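Input: a single structure, listed below in structure tokens.
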Amino acid sequence: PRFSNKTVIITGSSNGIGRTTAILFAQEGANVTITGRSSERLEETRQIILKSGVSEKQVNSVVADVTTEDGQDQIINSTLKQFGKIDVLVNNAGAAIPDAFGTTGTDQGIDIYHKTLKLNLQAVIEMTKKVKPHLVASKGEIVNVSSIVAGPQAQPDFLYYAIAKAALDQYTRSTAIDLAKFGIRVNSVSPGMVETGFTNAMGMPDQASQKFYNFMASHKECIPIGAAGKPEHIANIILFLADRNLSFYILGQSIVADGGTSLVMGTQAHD
Amino acid sequence: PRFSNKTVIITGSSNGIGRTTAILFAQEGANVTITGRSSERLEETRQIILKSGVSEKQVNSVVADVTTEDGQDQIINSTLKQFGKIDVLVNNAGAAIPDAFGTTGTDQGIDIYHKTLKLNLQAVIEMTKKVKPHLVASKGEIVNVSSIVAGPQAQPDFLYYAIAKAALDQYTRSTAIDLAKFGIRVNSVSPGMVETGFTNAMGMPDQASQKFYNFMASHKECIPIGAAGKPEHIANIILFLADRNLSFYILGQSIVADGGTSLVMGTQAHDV
Amino acid sequence: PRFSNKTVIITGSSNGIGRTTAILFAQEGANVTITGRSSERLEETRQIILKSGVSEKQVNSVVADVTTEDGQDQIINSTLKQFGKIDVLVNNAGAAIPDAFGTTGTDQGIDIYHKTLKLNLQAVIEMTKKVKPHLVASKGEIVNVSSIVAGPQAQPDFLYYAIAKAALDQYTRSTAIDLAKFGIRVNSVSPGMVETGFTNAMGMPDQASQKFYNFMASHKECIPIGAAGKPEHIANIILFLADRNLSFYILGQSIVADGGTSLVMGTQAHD
Amino acid sequence: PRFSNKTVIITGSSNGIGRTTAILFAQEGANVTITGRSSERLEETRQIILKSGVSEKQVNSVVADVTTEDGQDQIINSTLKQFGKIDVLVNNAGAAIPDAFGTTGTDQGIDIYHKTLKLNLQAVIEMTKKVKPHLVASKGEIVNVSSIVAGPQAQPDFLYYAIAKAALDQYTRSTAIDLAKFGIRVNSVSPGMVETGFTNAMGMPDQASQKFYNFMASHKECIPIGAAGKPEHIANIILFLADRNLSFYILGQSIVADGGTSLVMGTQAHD
Ligand SMILES: NC(=O)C1=CN([C@@H]2O[C@H](COP(=O)(O)OP(=O)(O)OC[C@H]3O[C@@H](n4cnc5c(N)ncnc54)[C@H](OP(=O)(O)O)[C@@H]3O)[C@@H](O)[C@H]2O)C=CC1
Ligand SMILES: NC(=O)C1=CN([C@@H]2O[C@H](COP(=O)(O)OP(=O)(O)OC[C@H]3O[C@@H](n4cnc5c(N)ncnc54)[C@H](OP(=O)(O)O)[C@@H]3O)[C@@H](O)[C@H]2O)C=CC1
Ligand SMILES: NC(=O)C1=CN([C@@H]2O[C@H](COP(=O)(O)OP(=O)(O)OC[C@H]3O[C@@H](n4cnc5c(N)ncnc54)[C@H](OP(=O)(O)O)[C@@H]3O)[C@@H](O)[C@H]2O)C=CC1
Ligand SMILES: NC(=O)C1=CN([C@@H]2O[C@H](COP(=O)(O)OP(=O)(O)OC[C@H]3O[C@@H](n4cnc5c(N)ncnc54)[C@H](OP(=O)(O)O)[C@@H]3O)[C@@H](O)[C@H]2O)C=CC1
């Protein structure tokens, strides 16, 4: 009942963090617009929600590319058409786009740059501007999903993904102050490693990804808390930030949720 | 129900943030140890909890000075003797101790340096060390209360209070990493302006304080969100951080809750 | 001459910080490539250098748009053609591109987003990629010019300029670590208000600009040090970071030089 | 002669960074006050100064505990007595005080806390307040020496040394803004690993320290620059910060000089 009568758009909800976030919002009694590119996985999210006893009248699934004008327009229009308003936008869609040759570092082509920023930054900007007037009317909120790769530590392998998130953080802070005069609250969450479809999207096989998780989780210099992040761990923070009654006074912040990963220095990997 | 069968110590719970935090914890089913020096205000906190349907056996009221070895031991020891364990420690007690001659800035006397750090930093460190063995056994948690005055912006008026909170943020981060090996979770919250007994404690008349709150709340360059912070605003965050089930993956962080105050540059108080 | 036998590329040297930086480098025995779009102002810079005791053979002038592939290529290649190498690159060109209709905040159009990042971010990335093999050979350095607008405080007016600089800082940190293995040192400077052609490029009249400078310099909550920044103030820091013998151990850092501006909170403008 | 006719007090100049800093200031024609507890090593610095060609009339040696009202009074008294004024104060003295049983982590005793802050924080505060009236007259400067251990990364072993430095950074920022009204410039430098007497002071055998330096320098995740810091590396920065003509616009900042150490994440130590 936390979000009863609230319409929430969750980008990237056809998998990972976005999927679980939409599921929680739904269970919380909210109208949810779930979206992604893979029709099969998007429906899977829809099914998880229906099996919850939640009506399909409270769910709007949209197959679209969030980096295209038409895709963005479809997400916004279908939500208003089915719900008549927008209370919260969660810019969750994102990915570390790899090169065709697994190239990392300064050598990554400018094409990777363009593709990564278009998704991890530009889309966030366009969705924000398009939902803006609707949030002004509903005195709504925005919750962006960033990453500790934004900084303050260097990220020398997937540099464009890193700088796009760094730009995201200042975009979150800046629109938060700008939109605050209209009663809107903009915040963010910067996850550390979380088990989702992220690594698979990068080209990592399921078995290699599992090996990645176990190593990270079992070494304290990697993840101090000793456990791999799970989708719910981030979804919980997103809902908290969207619950004005609870997180009200937090504004323009991106909460780091990384089990302590960003607090450990490279030298500390050695005794 | 969120904190049923959980024992929480809330330092500085005889007023402001600590009072409301203690109240919310009790309403959430927790055994709570409330403490402070003013016996009159501490009892007020207790009454509010009792007149909520909370049994007196779920409350441990302790009058003590958290800056002394004896006061610290009493807080922890009475909690163990009353509830049998400690699940959460919220280091909330703190204050911007004023200069006896009203001096601010670099000129503030060294005596104020000692009193300020002993309260806003040393007490937190000693309570952490003293509750540690019990939190190891319960795989509990710690939530400290810092302030945006810790940085990154400069604080030229009450410098000792500021550096004390700056030191505290690194203590939070460092004990979070050191204690994580025991299944413990240390986090913090850094509030902006919140209406409590803080300004009064500083010697400000309630009339001046109200004018301060109203002015800060009405000027977007001061508090962007447009409203003064309330004790509950910070209490909700502390409970959230104490709720391992919900906030689990957040570790060694001090969430800024200031309505945007710290995001505003001085130059931005003026229009182009 | 502490920069003798050193060849330096100074982007955006037809005006402001870049012009002064080029002057000082040349003044200290360096081969310098100056570049910009306004040939008249670019020639202005060359004459100042020449007016000294510097021979025209130590100065290479390139009229080019640093945002285009061709412009970027002309700058690098003419530098290699005339001097035979590249020891340090200073990514100074940058500008807060205004909306033709004066819009600010979240409302600024996507066209401004594209133009702002293309110059303040993309150009830096491409110049870096393009000079890399030569910096690897000379074990040279890179000095980027950022801005305090990058963060940690919000910038609700010229958001895109702000986020491009925030991304720039993480690009500086990340390339510093990636390129450190090659003996290269990447650093940066984040200026506060500086009297240059910056406000003019934005469209501000000279009278308004001087009025802006005076107000900032005379109000401690704006500029604590009590004086407007000057081109030379930023140039001195660039040279210091480019001077490996002196600043060697500084790596992946962007020194803030703002007379204390970023250290003052909005509330402190009252007290 | 960059600092000719300028009087500089360099605390902790009987070894490491302070020694080298005092030496450079002296070579630059500055009146210097070198202080420490070990008269032997203190005189060693003095000797290095005189052998540089500097007259001992511009050298004031002082043996004193910088943590006592007396020691600091003596440092300041002899400085004014022999020089009549004070232009710059460098708060360099500091150290990581070990537990009687090598105890580390949260368990370090309160005794360690007291000793650590008294030297690393309190002394800086006291020297700052005591030189203040003299810097106001001379529109002088202050340069403190902090450490990357102050944050943003956690320091779980010597917690007290870390929080004292973190407090130092906010003290630097705050006194800089406060003292700026008098034309005084306060800044700082935050070193990464530098080969000095630091480790020995901790109780580490010289052979072990060498093993430590070699290991740190040879591991990219430890020191990306590939070389251990040298006292000269930090001294260079201190003098830069003291040279108002050059570093003028930098105010209330602590320049990180760690060869990139603080930029590497714990996970990045693994492939
Ligand atoms: N996993 C981790 O460790 C971390 C993740 N993050 C952030 O989490 C988000 C990614 O989610 P998880 O984290 O859940 O990742 P996956 O689980 O990788 O989820 C990717 C999600 O975004 C969508 N998406 C990607 N590209 C597009 C596109 N062009 N158009 C529409 N939708 C798109 C996917 O749609 P579908 O596949 O159909 O396309 C899917 O729902 C990003 O913002 C990422 O940076 C931050 C830090 C760490
Ligand atoms: N109010 C604001 O705008 C902000 C407050 N904060 C933080 O909030 C905390 C203060 O609470 P509010 O903020 O609620 O302040 P008051 O409402 O000022 O609460 C002070 C609390 O701490 C206790 N306390 C102070 N000194 C001691 C001492 N020596 N021994 C034991 N208890 C002591 C008080 O006990 P009783 O009076 O008996 O002594 C009381 O419960 C501090 O940690 C402060 O830095 C951070 C940022 C902003
Ligand atoms: N002035 C201030 O207060 C601050 C400035 N900065 C940074 O300083 C830099 C700007 O210099 P000042 O600061 O000296 O500014 P101006 O003095 O504004 O200098 C702009 C410089 O960059 C060049 N430039 C702009 N766009 C292009 C382009 N498409 N192709 C080639 N050159 C281009 C100009 O060339 P010409 O005009 O021919 O085109 C000129 O040399 C930026 O990186 C800016 O963000 C950061 C903070 C504050
Ligand atoms: N070495 C490293 O890797 C790093 C060092 N630092 C900082 O450098 C400083 C220490 O110098 P180095 O770094 O050169 O260390 P040593 O080379 O360890 O120098 C210690 C210096 O400070 C003095 N000192 C220490 N305690 C006292 C005291 N109670 N009274 C008077 N003087 C005292 C010493 O005097 P003498 O022994 O007579 O007493 C000596 O000149 C500290 O500020 C430290 O935090 C920061 C980061 C890294």
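Residue numbers (PDB author numbering), protein chains in the order written: chain B, 2 to 272; chain A, 2 to 273; chain D, 2 to 272; chain C, 2 to 272.
The C-beta atom is built at its ideal place from N, Cα and C for all residues, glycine as well.
Report the neighbours of residue i on chain B: residues whose CB is nearer than 7 Å to its CB, in chain order.
i: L264 (chain C); result: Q154 and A155
Rounded to a whole number of angstroms, what is the C-alpha to C-alpha distance between residue i and residue j?
i: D100 (chain B); j: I113 (chain B); result: 7 Å
i: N201 (chain B); j: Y172 (chain D); result: 25 Å
i: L247 (chain D); j: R38 (chain B); result: 53 Å
i: residue 321 (chain B); j: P206 (chain B); result: In the structure displayed, chain B extends from 2 to 272; residue 321 (chain B) sits before or after that span and is not available.
i: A94 (chain D); j: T12 (chain D); result: 5 Å
i: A96 (chain A); j: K116 (chain C); result: 24 Å
i: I77 (chain B); j: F183 (chain A); result: 47 Å
i: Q154 (chain C); j: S263 (chain B); result: 7 Å
i: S40 (chain B); j: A229 (chain B); result: 28 Å
i: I226 (chain A); j: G260 (chain A); result: 5 Å
i: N61 (chain B); j: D74 (chain B); result: 14 Å
i: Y162 (chain A); j: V125 (chain A); result: 14 Å
i: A167 (chain A); j: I164 (chain C); result: 8 Å
Anything in chain D within Cβ reach of residue i, meaning under 7 Å, just list it in chain order.
i: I149 (chain B); result: Here the premise fails: no neighbours, minimum Cβ distance about 11 Å.
For residue i, does the three-state DSSP call read helix, strand or coil?
i: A94 (chain D); result: coil
i: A258 (chain B); result: strand
i: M205 (chain A); result: coil
i: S5 (chain A); result: coil
i: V33 (chain D); result: strand
i: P153 (chain B); result: coil
i: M266 (chain D); result: strand
i: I164 (chain C); result: helix
i: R20 (chain B); result: helix
i: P225 (chain D); result: coil
i: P232 (chain C); result: helix
i: residue 1 (chain C); result: A query on residue 1 (chain C) cannot be resolved here, the shown segment of chain C reaching from 2 to 272 and no further.
i: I87 (chain C); result: coil
Is it true that the CB of residue j sits closer than 8 Å to the CB of residue i?
i: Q123 (chain A); j: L160 (chain A); result: no
i: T46 (chain B); j: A31 (chain B); result: no
i: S147 (chain D); j: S189 (chain D); result: yes
i: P157 (chain D); j: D179 (chain B); result: yes
i: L43 (chain A); j: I87 (chain A); result: no
i: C223 (chain C); j: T268 (chain B); result: yes
i: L252 (chain C); j: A138 (chain C); result: no
i: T36 (chain C); j: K119 (chain C); result: no
Can you say whether residue i is buried or exposed, counting buried as having 16 or more other CB atoms within 10 angstroms of its CB?
i: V91 (chain B); result: buried
i: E70 (chain C); result: exposed
i: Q48 (chain A); result: exposed
i: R3 (chain D); result: exposed
i: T80 (chain A); result: buried
i: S175 (chain C); result: buried
i: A209 (chain A); result: exposed
Applying a beta-carbon distance threshold of less than 7 Å, which residues of chain C neighbour residue i?
i: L252 (chain D); result: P225, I226, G260 and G261
Run through chain C and tell me which residues come within less than 8 Å of residue i, C-beta to C-beta.
i: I178 (chain D); result: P225, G261, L264 and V265
Since residue i meets chain A, which of its residues come closer than 7 Å, beta carbon to beta carbon?
i: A270 (chain D); result: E222, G267 and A270
Note down, in chain order, every chain B residue with its Cβ under 8 Å from the Cβ of residue i.
i: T68 (chain D); result: Per Cβ cutoff of 8 Å: no residues; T68 (chain D) is ~12 Å from chain B at best.
Kindly list, in the order they appear in chain A, the residues whose Cβ is closer than 9 Å to that of residue i.
i: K182 (chain B); result: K221, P225 and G227
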